[PDB]
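Enquirer: What follows is the file protein-v6.pdb, containing PDB, C-alpha atoms:
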```pdb
ATOM      1  CA  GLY A 486      25.084   4.163   3.918
ATOM      2  CA  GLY A 487      27.441   1.208   4.349
ATOM      3  CA  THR A 488      30.877   0.402   2.966
ATOM      4  CA  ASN A 489      32.030  -2.381   0.657
ATOM      5  CA  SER A 490      33.154  -5.451   2.614
ATOM      6  CA  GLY A 491      31.635  -8.443   0.781
ATOM      7  CA  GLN A 492      28.349 -10.315   0.161
ATOM      8  CA  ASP A 493      26.284  -7.369  -1.064
ATOM      9  CA  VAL A 494      23.031  -9.314  -0.453
ATOM     10  CA  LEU A 495      23.324  -8.884   3.306
ATOM     11  CA  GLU A 496      20.618  -6.345   4.347
ATOM     12  CA  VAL A 497      21.901  -6.157   7.917
ATOM     13  CA  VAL A 498      22.098  -2.437   8.886
ATOM     14  CA  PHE A 499      18.426  -1.491   9.146
ATOM     15  CA  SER A 500      19.110   1.467  11.472
ATOM     16  CA  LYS A 501      18.469   4.590   9.372
ATOM     17  CA  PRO A 502      18.756   4.127   5.587
ATOM     18  CA  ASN A 503      19.478   7.785   4.704
ATOM     19  CA  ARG A 504      16.029   9.338   4.227
ATOM     20  CA  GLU A 505      17.640  12.274   2.386
ATOM     21  CA  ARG A 506      19.150   9.751  -0.079
ATOM     22  CA  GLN A 507      16.119   7.584  -0.761
ATOM     23  CA  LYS A 508      14.493  10.943  -1.435
ATOM     24  CA  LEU A 509      17.180  11.431  -4.102
ATOM     25  CA  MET A 510      16.575   8.053  -5.728
ATOM     26  CA  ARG A 511      12.930   9.055  -6.218
ATOM     27  CA  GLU A 512      13.429  12.667  -7.309
ATOM     28  CA  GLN A 513      16.371  12.057  -9.683
ATOM     29  CA  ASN A 514      14.433   9.410 -11.706
ATOM     30  CA  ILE A 515      16.615   6.528 -10.516
ATOM     31  CA  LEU A 516      13.596   4.387  -9.588
ATOM     32  CA  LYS A 517      11.968   5.106 -12.956
ATOM     33  CA  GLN A 518      14.954   3.689 -14.856
ATOM     34  CA  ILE A 519      15.003   0.541 -12.704
ATOM     35  CA  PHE A 520      11.434  -0.222 -13.793
ATOM     36  CA  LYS A 521      12.498   0.292 -17.411
ATOM     37  CA  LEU A 522      15.452  -2.070 -16.948
ATOM     38  CA  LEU A 523      13.225  -4.854 -15.565
ATOM     39  CA  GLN A 524      10.774  -5.130 -18.474
ATOM     40  CA  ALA A 525      13.393  -4.366 -21.148
ATOM     41  CA  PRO A 526      14.905  -7.905 -21.470
ATOM     42  CA  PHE A 527      11.498  -9.583 -21.681
ATOM     43  CA  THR A 528      10.434  -7.199 -24.442
ATOM     44  CA  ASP A 529      13.828  -7.988 -25.995
ATOM     45  CA  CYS A 530      13.297 -11.767 -25.954
ATOM     46  CA  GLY A 531       9.648 -11.417 -26.984
ATOM     47  CA  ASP A 532       9.919  -8.906 -29.819
ATOM     48  CA  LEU A 536      11.321 -16.397 -22.070
ATOM     49  CA  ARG A 537      11.380 -15.866 -18.309
ATOM     50  CA  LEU A 538      11.692 -19.446 -17.032
ATOM     51  CA  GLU A 539       9.585 -21.521 -19.452
ATOM     52  CA  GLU A 540      12.024 -20.945 -22.344
ATOM     53  CA  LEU A 541      14.890 -18.889 -20.893
ATOM     54  CA  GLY A 542      15.230 -20.644 -17.543
ATOM     55  CA  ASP A 543      18.566 -22.216 -18.417
ATOM     56  CA  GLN A 544      21.691 -22.211 -16.239
ATOM     57  CA  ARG A 545      23.553 -19.997 -18.741
ATOM     58  CA  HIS A 546      21.548 -16.976 -17.514
ATOM     59  CA  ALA A 547      23.211 -16.900 -14.089
ATOM     60  CA  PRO A 548      24.855 -13.414 -14.240
ATOM     61  CA  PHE A 549      22.070 -12.062 -16.458
ATOM     62  CA  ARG A 550      19.526 -12.677 -13.691
ATOM     63  CA  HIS A 551      21.968 -11.305 -11.107
ATOM     64  CA  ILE A 552      20.944  -7.744 -12.025
ATOM     65  CA  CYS A 553      17.213  -8.440 -11.791
ATOM     66  CA  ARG A 554      17.652  -9.702  -8.232
ATOM     67  CA  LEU A 555      19.753  -6.616  -7.476
ATOM     68  CA  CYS A 556      17.144  -4.255  -8.928
ATOM     69  CA  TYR A 557      14.518  -5.734  -6.617
ATOM     70  CA  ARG A 558      16.958  -5.510  -3.702
ATOM     71  CA  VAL A 559      17.548  -1.797  -4.274
ATOM     72  CA  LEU A 560      13.797  -1.356  -4.797
ATOM     73  CA  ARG A 561      13.315  -2.908  -1.359
ATOM     74  CA  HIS A 562      15.974  -0.680   0.224
ATOM     75  CA  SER A 563      14.307   2.438  -1.212
ATOM     76  CA  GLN A 564      10.982   2.103   0.626
ATOM     77  CA  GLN A 565      12.068   1.193   4.167
ATOM     78  CA  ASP A 566      10.210   3.446   6.644
ATOM     79  CA  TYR A 567       9.275   5.881   3.856
ATOM     80  CA  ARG A 568       5.705   6.472   2.670
ATOM     81  CA  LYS A 569       6.529   8.350  -0.554
ATOM     82  CA  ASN A 570       8.776   5.601  -1.920
ATOM     83  CA  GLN A 571       6.253   2.944  -0.851
ATOM     84  CA  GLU A 572       3.405   4.568  -2.764
ATOM     85  CA  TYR A 573       5.691   5.312  -5.735
ATOM     86  CA  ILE A 574       6.583   1.617  -5.970
ATOM     87  CA  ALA A 575       2.967   0.541  -5.386
ATOM     88  CA  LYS A 576       1.830   2.741  -8.280
ATOM     89  CA  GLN A 577       3.935   0.422 -10.500
ATOM     90  CA  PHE A 578       2.433  -2.719  -8.957
ATOM     91  CA  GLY A 579       0.743  -3.847 -12.180
ATOM     92  CA  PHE A 580       3.696  -5.605 -13.804
ATOM     93  CA  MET A 581       5.452  -6.637 -10.572
ATOM     94  CA  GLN A 582       2.542  -9.073 -10.069
ATOM     95  CA  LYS A 583       3.731 -11.193 -13.026
ATOM     96  CA  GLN A 584       6.847 -12.569 -11.327
ATOM     97  CA  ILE A 585       6.525 -13.263  -7.574
ATOM     98  CA  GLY A 586       6.875 -17.011  -7.922
ATOM     99  CA  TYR A 587      10.097 -16.989  -9.943
ATOM    100  CA  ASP A 588      13.749 -16.542  -8.989
ATOM    101  CA  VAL A 589      13.972 -12.764  -9.555
ATOM    102  CA  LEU A 590      13.547 -12.232  -5.778
ATOM    103  CA  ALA A 591      10.277 -10.325  -6.194
ATOM    104  CA  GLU A 592       8.634 -12.091  -3.237
ATOM    105  CA  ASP A 593      10.734 -10.353  -0.567
ATOM    106  CA  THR A 594      10.121  -6.812  -1.827
ATOM    107  CA  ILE A 595       6.361  -7.246  -2.269
ATOM    108  CA  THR A 596       5.842  -8.290   1.375
ATOM    109  CA  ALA A 597       7.496  -5.100   2.641
ATOM    110  CA  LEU A 598       4.963  -2.866   0.874
ATOM    111  CA  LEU A 599       2.034  -4.559   2.647
ATOM    112  CA  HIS A 600       3.586  -4.864   6.130
ATOM    113  CA  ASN A 601       1.516  -2.890   8.691
ATOM    114  CA  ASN A 602       0.415  -0.002   6.456
ATOM    115  CA  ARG A 603      -3.154   1.279   6.206
ATOM    116  CA  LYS A 604      -3.862   3.995   3.680
ATOM    117  CA  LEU A 605      -1.796   2.939   0.670
ATOM    118  CA  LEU A 606      -2.861  -0.702   1.042
ATOM    119  CA  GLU A 607      -6.554   0.175   1.190
ATOM    120  CA  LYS A 608      -6.374   2.256  -2.023
ATOM    121  CA  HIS A 609      -3.715   0.619  -4.217
ATOM    122  CA  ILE A 610      -5.122  -2.931  -4.201
ATOM    123  CA  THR A 611      -8.366  -3.184  -6.182
ATOM    124  CA  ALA A 612     -10.824  -5.942  -7.060
ATOM    125  CA  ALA A 613      -9.336  -6.338 -10.546
ATOM    126  CA  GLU A 614      -5.923  -7.051  -9.009
ATOM    127  CA  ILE A 615      -7.482  -9.801  -6.886
ATOM    128  CA  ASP A 616      -9.422 -11.183  -9.869
ATOM    129  CA  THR A 617      -6.224 -11.436 -11.902
ATOM    130  CA  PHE A 618      -4.458 -12.572  -8.714
ATOM    131  CA  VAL A 619      -6.628 -15.719  -8.500
ATOM    132  CA  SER A 620      -5.460 -16.704 -12.026
ATOM    133  CA  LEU A 621      -3.289 -19.709 -12.963
ATOM    134  CA  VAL A 622      -1.416 -19.263  -9.650
ATOM    135  CA  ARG A 623      -4.418 -20.194  -7.511
ATOM    136  CA  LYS A 624      -5.224 -22.626 -10.297
ATOM    137  CA  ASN A 625      -1.768 -24.088  -9.523
ATOM    138  CA  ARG A 626       0.079 -25.595  -6.553
ATOM    139  CA  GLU A 627       2.633 -24.187  -4.016
ATOM    140  CA  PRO A 628       0.480 -22.452  -1.349
ATOM    141  CA  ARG A 629       3.338 -20.187  -0.316
ATOM    142  CA  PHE A 630       1.721 -17.902  -2.863
ATOM    143  CA  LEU A 631      -1.548 -18.544  -0.997
ATOM    144  CA  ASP A 632      -0.240 -17.185   2.273
ATOM    145  CA  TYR A 633       1.322 -14.410   0.183
ATOM    146  CA  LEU A 634      -2.366 -13.717  -0.401
ATOM    147  CA  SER A 635      -3.157 -14.242   3.282
ATOM    148  CA  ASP A 636      -0.721 -11.705   4.746
ATOM    149  CA  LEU A 637      -2.275  -8.991   2.587
ATOM    150  CA  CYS A 638      -5.736 -10.431   3.312
ATOM    151  CA  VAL A 639      -6.429  -9.019   6.790
ATOM    152  CA  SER A 640      -2.973  -9.299   8.378
ATOM    153  CA  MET A 641      -2.291  -5.795   9.693
ATOM    154  CA  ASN A 642      -2.168  -4.522  13.274
ATOM    155  CA  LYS A 643      -5.810  -5.754  13.753
ATOM    156  CA  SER A 644      -8.711  -6.299  11.336
ATOM    157  CA  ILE A 645      -8.475  -3.956   8.344
ATOM    158  CA  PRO A 646     -12.094  -3.126   7.389
ATOM    159  CA  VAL A 647     -11.601  -2.016   3.765
ATOM    160  CA  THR A 648     -10.013  -4.930   1.879
ATOM    161  CA  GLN A 649     -11.578  -7.733   3.937
ATOM    162  CA  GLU A 650     -14.881  -7.510   2.070
ATOM    163  CA  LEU A 651     -12.799  -7.157  -1.105
ATOM    164  CA  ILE A 652     -11.183 -10.564  -0.513
ATOM    165  CA  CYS A 653     -14.206 -12.316   1.067
ATOM    166  CA  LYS A 654     -16.141 -12.077  -2.224
ATOM    167  CA  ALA A 655     -13.333 -13.534  -4.357
ATOM    168  CA  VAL A 656     -12.043 -16.775  -2.821
ATOM    169  CA  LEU A 657     -15.465 -18.441  -2.434
ATOM    170  CA  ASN A 658     -17.692 -16.244  -4.654
ATOM    171  CA  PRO A 659     -17.582 -18.194  -6.856
ATOM    172  CA  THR A 660     -15.966 -21.418  -5.632
ATOM    173  CA  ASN A 661     -13.330 -21.766  -8.389
ATOM    174  CA  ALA A 662      -9.507 -21.494  -8.203
ATOM    175  CA  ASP A 663      -8.475 -24.781  -6.540
ATOM    176  CA  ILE A 664     -11.993 -25.117  -5.289
ATOM    177  CA  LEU A 665     -11.682 -26.149  -1.607
ATOM    178  CA  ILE A 666     -10.723 -29.076   0.535
ATOM    179  CA  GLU A 667     -14.350 -29.960   1.174
ATOM    180  CA  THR A 668     -15.114 -31.511   4.568
ATOM    181  CA  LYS A 669     -18.824 -32.303   4.627
ATOM    182  CA  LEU A 670     -19.310 -34.967   7.383
ATOM    183  CA  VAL A 671     -20.160 -37.651   4.830
ATOM    184  CA  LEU A 672     -21.706 -39.911   7.545
ATOM    185  CA  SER A 673     -20.430 -43.314   6.431
ATOM    186  CA  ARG A 674     -17.854 -45.895   7.516
ATOM    187  CA  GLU A 693     -18.053 -42.924  14.426
ATOM    188  CA  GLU A 694     -18.887 -41.368  11.023
ATOM    189  CA  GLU A 695     -15.453 -39.953  10.287
ATOM    190  CA  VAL A 696     -14.991 -36.962   7.999
ATOM    191  CA  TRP A 697     -14.004 -37.172   4.321
ATOM    192  CA  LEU A 698     -12.099 -34.354   2.609
ATOM    193  CA  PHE A 699     -11.897 -33.711  -1.135
ATOM    194  CA  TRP A 700      -8.600 -32.965  -2.879
ATOM    195  CA  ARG A 701      -7.844 -33.192  -6.594
ATOM    196  CA  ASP A 702      -4.949 -33.059  -9.046
ATOM    197  CA  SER A 703      -6.613 -30.238 -11.079
ATOM    198  CA  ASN A 704      -7.038 -32.588 -14.068
ATOM    199  CA  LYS A 705     -10.108 -34.792 -13.615
ATOM    200  CA  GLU A 706     -12.727 -35.983 -11.105
ATOM    201  CA  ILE A 707     -11.984 -35.259  -7.464
ATOM    202  CA  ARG A 708     -10.286 -38.588  -6.498
ATOM    203  CA  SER A 709     -10.178 -38.293  -2.711
ATOM    204  CA  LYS A 710      -8.771 -41.303  -0.846
ATOM    205  CA  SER A 711      -9.669 -40.259   2.744
ATOM    206  CA  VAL A 712      -8.358 -38.185   5.606
ATOM    207  CA  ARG A 713      -7.770 -41.441   7.518
ATOM    208  CA  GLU A 714      -5.247 -42.551   4.892
ATOM    209  CA  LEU A 715      -3.394 -39.278   5.542
ATOM    210  CA  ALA A 716      -2.961 -40.233   9.218
ATOM    211  CA  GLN A 717      -0.383 -42.904   8.358
ATOM    212  CA  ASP A 718       1.099 -40.550   5.733
ATOM    213  CA  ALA A 719       2.597 -38.282   8.408
ATOM    214  CA  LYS A 720       5.734 -40.447   8.466
ATOM    215  CA  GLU A 721       6.094 -41.151   4.722
ATOM    216  CA  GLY A 722       4.063 -41.233   1.534
ATOM    217  CA  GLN A 723       3.563 -39.643  -1.864
ATOM    218  CA  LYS A 724       4.434 -36.019  -2.612
ATOM    219  CA  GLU A 725       0.760 -35.163  -3.092
ATOM    220  CA  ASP A 726       0.145 -36.906   0.239
ATOM    221  CA  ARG A 727       3.067 -34.885   1.631
ATOM    222  CA  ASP A 728       1.737 -31.461   0.678
ATOM    223  CA  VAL A 729      -2.062 -31.897   0.837
ATOM    224  CA  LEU A 730      -1.910 -31.439   4.629
ATOM    225  CA  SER A 731       0.221 -28.305   4.226
ATOM    226  CA  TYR A 732      -2.210 -26.883   1.650
ATOM    227  CA  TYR A 733      -5.193 -27.597   3.906
ATOM    228  CA  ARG A 734      -3.409 -26.017   6.886
ATOM    229  CA  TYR A 735      -2.507 -22.931   4.841
ATOM    230  CA  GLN A 736      -6.040 -22.315   3.613
ATOM    231  CA  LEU A 737      -7.379 -23.015   7.111
ATOM    232  CA  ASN A 738      -5.064 -20.316   8.436
ATOM    233  CA  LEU A 739      -6.490 -18.144   5.643
ATOM    234  CA  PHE A 740     -10.039 -18.976   6.764
ATOM    235  CA  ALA A 741      -9.196 -18.298  10.419
ATOM    236  CA  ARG A 742      -7.572 -14.935   9.678
ATOM    237  CA  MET A 743     -10.198 -14.217   7.009
ATOM    238  CA  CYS A 744     -12.892 -12.824   9.336
ATOM    239  CA  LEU A 745     -11.250 -11.831  12.677
ATOM    240  CA  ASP A 746     -14.082  -9.357  13.382
ATOM    241  CA  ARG A 747     -17.799  -8.607  12.852
ATOM    242  CA  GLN A 748     -17.896  -9.397   9.126
ATOM    243  CA  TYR A 749     -21.351 -10.529   7.982
ATOM    244  CA  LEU A 750     -20.318 -11.197   4.366
ATOM    245  CA  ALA A 751     -18.231 -14.273   5.269
ATOM    246  CA  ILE A 752     -19.859 -15.433   8.501
ATOM    247  CA  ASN A 753     -22.842 -17.538   7.330
ATOM    248  CA  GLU A 754     -21.187 -19.360   4.425
ATOM    249  CA  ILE A 755     -18.513 -20.595   6.850
ATOM    250  CA  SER A 756     -21.050 -21.341   9.602
ATOM    251  CA  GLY A 757     -23.192 -23.983   7.899
ATOM    252  CA  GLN A 758     -20.057 -25.333   6.287
ATOM    253  CA  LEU A 759     -17.874 -26.789   9.084
ATOM    254  CA  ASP A 760     -20.578 -26.441  11.713
ATOM    255  CA  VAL A 761     -20.120 -26.705  15.480
ATOM    256  CA  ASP A 762     -20.240 -30.515  15.540
ATOM    257  CA  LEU A 763     -17.752 -30.872  12.671
ATOM    258  CA  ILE A 764     -15.190 -28.363  13.967
ATOM    259  CA  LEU A 765     -15.343 -30.058  17.389
ATOM    260  CA  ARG A 766     -15.124 -33.565  15.922
ATOM    261  CA  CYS A 767     -11.596 -32.702  14.775
ATOM    262  CA  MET A 768     -10.775 -31.666  18.365
ATOM    263  CA  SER A 769     -10.174 -35.385  18.982
ATOM    264  CA  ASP A 770      -6.897 -37.139  19.840
ATOM    265  CA  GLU A 771      -6.379 -38.581  16.347
ATOM    266  CA  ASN A 772      -2.960 -38.718  14.699
ATOM    267  CA  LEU A 773      -2.440 -35.498  12.723
TER
END
```
Can you turn what I pasted into structure tokens?

Expert:
Amino acid sequence: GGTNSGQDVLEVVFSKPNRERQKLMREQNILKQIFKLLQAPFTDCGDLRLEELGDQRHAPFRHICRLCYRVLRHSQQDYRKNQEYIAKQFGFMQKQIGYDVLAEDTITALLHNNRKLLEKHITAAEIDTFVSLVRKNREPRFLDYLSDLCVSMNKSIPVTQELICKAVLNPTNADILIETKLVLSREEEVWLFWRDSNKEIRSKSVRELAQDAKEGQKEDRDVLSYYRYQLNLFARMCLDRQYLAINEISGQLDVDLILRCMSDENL
């Protein structure tokens, strides 16, 4: 409902985005043609997203893909029908969160404090293909993009929590863990396991990471952030009486081990 004044990616007037008009963009097949326009260039270059067509020459060509996602995001604000219409086409939108087509901002808005569409649109197959070579990879921003749809609602969604608690650690694949096991050696400080996803585990220590808070290697930079992100995931994983992920995480990181890290050490 605004007027042209400059910097069209502004998103500032979130007062009342013309419910009678975002009804029109669903009924008049506008949102259908936007989905066709997104997958058209990739089918053009196939018979290419960033691995082969990630060059700087495609600066205005990708300016329409980040506008299509922007107008997709503006269509579903405070509107259930548009939200479920977009979430019915969630299958191919999953391919491109981590890239520069601005798909990460729109996908968070669909899962923000909604009950019924979230508990029915997301299935176990989506999680199983969602723990693919993205959880096999780095950058745990996509991991807390898992975590905000994990349980993060008003309080303690009871439908999808058992759907996610049998995927991350059953089995233990997909960037396995950062395994703290109270190794009881040279009192008896903990030893955590982190790997480069190529070979044997190759864990220096957690004590070497204490002096790495000021400077160090990039892997030493982000291993603490990855551990913190999955620990936030583990904290917000249960939140309630959930038997299916309460005994695996009880023997692992038991009462002595969780309290041993309540010390005054440099973190």

Enquirer: Evaluating the PyMOL selection byres ((chain A and resi 640-657) around 8) on the displayed file yields which residues, as a ChimeraX atom specification?

Expert: /A:600-603,607,611-612,615-616,619,635-639,658-662,742-746,748,750-751

Enquirer: For the file shown, report as a PyMOL selection string the outcome of the PyMOL selection byres ((chain A and resi 720-736) around 12) at residue level.

Expert: chain A and resi 623+625-636+638+656-657+663-668+698-703+709-719+737-743+772-773

Enquirer: Skip residue A:574 itself and residues of its chain fewer than 6 positions away, then list as a list in words all residues within 9 Å of it, counting only C-alpha atoms.

Expert: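 Once the nearby chain positions are removed, what remains is residues 516, 560, 564 and 598 of chain A.
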
Enquirer: Quick one: residues within 12 Å of residue A:585, only C-alpha atoms, excluding same-chain residues fewer than 2 positions away - as a ChimeraX atom specification?

Expert: /A:554,557,578-583,587-596,618,622,629-631,633-634

Enquirer: Determine the nearest neighbour of residue A:519 from the options A:550, A:496, A:559, A:539, counting only C-alpha atoms.

Expert: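 Closest residue, counting only C-alpha atoms: A:559.
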
Enquirer: Determine the residue membership of the PyMOL selection byres ((chain A and resi 570) around 10) for the file above and supply it as a PDB file with C-alpha atoms, in the coordinates of the input.

Expert:
```
ATOM      1  CA  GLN A 507      16.119   7.584  -0.761  1.00  0.00           C
ATOM      2  CA  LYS A 508      14.493  10.943  -1.435  1.00  0.00           C
ATOM      3  CA  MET A 510      16.575   8.053  -5.728  1.00  0.00           C
ATOM      4  CA  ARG A 511      12.930   9.055  -6.218  1.00  0.00           C
ATOM      5  CA  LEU A 516      13.596   4.387  -9.588  1.00  0.00           C
ATOM      6  CA  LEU A 560      13.797  -1.356  -4.797  1.00  0.00           C
ATOM      7  CA  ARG A 561      13.315  -2.908  -1.359  1.00  0.00           C
ATOM      8  CA  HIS A 562      15.974  -0.680   0.224  1.00  0.00           C
ATOM      9  CA  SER A 563      14.307   2.438  -1.212  1.00  0.00           C
ATOM     10  CA  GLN A 564      10.982   2.103   0.626  1.00  0.00           C
ATOM     11  CA  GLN A 565      12.068   1.193   4.167  1.00  0.00           C
ATOM     12  CA  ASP A 566      10.210   3.446   6.644  1.00  0.00           C
ATOM     13  CA  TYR A 567       9.275   5.881   3.856  1.00  0.00           C
ATOM     14  CA  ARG A 568       5.705   6.472   2.670  1.00  0.00           C
ATOM     15  CA  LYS A 569       6.529   8.350  -0.554  1.00  0.00           C
ATOM     16  CA  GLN A 571       6.253   2.944  -0.851  1.00  0.00           C
ATOM     17  CA  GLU A 572       3.405   4.568  -2.764  1.00  0.00           C
ATOM     18  CA  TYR A 573       5.691   5.312  -5.735  1.00  0.00           C
ATOM     19  CA  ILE A 574       6.583   1.617  -5.970  1.00  0.00           C
ATOM     20  CA  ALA A 575       2.967   0.541  -5.386  1.00  0.00           C
ATOM     21  CA  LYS A 576       1.830   2.741  -8.280  1.00  0.00           C
ATOM     22  CA  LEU A 598       4.963  -2.866   0.874  1.00  0.00           C
TER      23      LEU A 598
END
```

Enquirer: Which value, in Å to one decimal, gives the distance between atom CA of residue A:500 and atom CA of residue A:487?

Expert: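 Computing the Euclidean distance for atom CA of residue A:500 and atom CA of residue A:487 yields 11.0 Å.
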
Enquirer: At a cut-off of 8 Å, using all atoms listed in the file, what residues contact residue A:670? Leave out same-chain residues fewer than 3 positions from it and give the result as a PDB file with C-alpha atoms, in the frame of the given file.

Expert:
```
ATOM      1  CA  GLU A 694     -18.887 -41.368  11.023  1.00  0.00           C
ATOM      2  CA  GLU A 695     -15.453 -39.953  10.287  1.00  0.00           C
ATOM      3  CA  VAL A 696     -14.991 -36.962   7.999  1.00  0.00           C
ATOM      4  CA  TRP A 697     -14.004 -37.172   4.321  1.00  0.00           C
ATOM      5  CA  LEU A 763     -17.752 -30.872  12.671  1.00  0.00           C
TER       6      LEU A 763
END
```

Enquirer: Quick one: distance from atom CA of residue A:768 to atom CA of residue A:693 in Å, one decimal?

Expert: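 So the answer is 14.0 Å.
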
Enquirer: Given all atoms listed in the file as the basis, pick out the residue of A:530, A:520, A:669, A:610 nearest to residue A:757.

Expert: A:669

Enquirer: What are the centre and edge lengths in Å, to one decimal, of the axis-aligned box around all listed atoms of stretch 726-740 of chain A with 6 Å added on each side, as JSON?

Expert:
```
{"center_x": -3.5, "center_y": -27.5, "center_z": 4.3, "size_x": 25.1, "size_y": 30.8, "size_z": 20.2}
```

Enquirer: Considering all atoms listed in the file, state which residue in the set A:537, A:546, A:517, A:674 is at the smallest distance from residue A:586.

Expert: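 Among the listed residues, A:537 lies closest to residue A:586.
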
Enquirer: By how many Å are atom CA of residue A:497 and atom CA of residue A:556 apart?

Expert: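 Result for atom CA of residue A:497 versus atom CA of residue A:556: 17.6 Å, one decimal.
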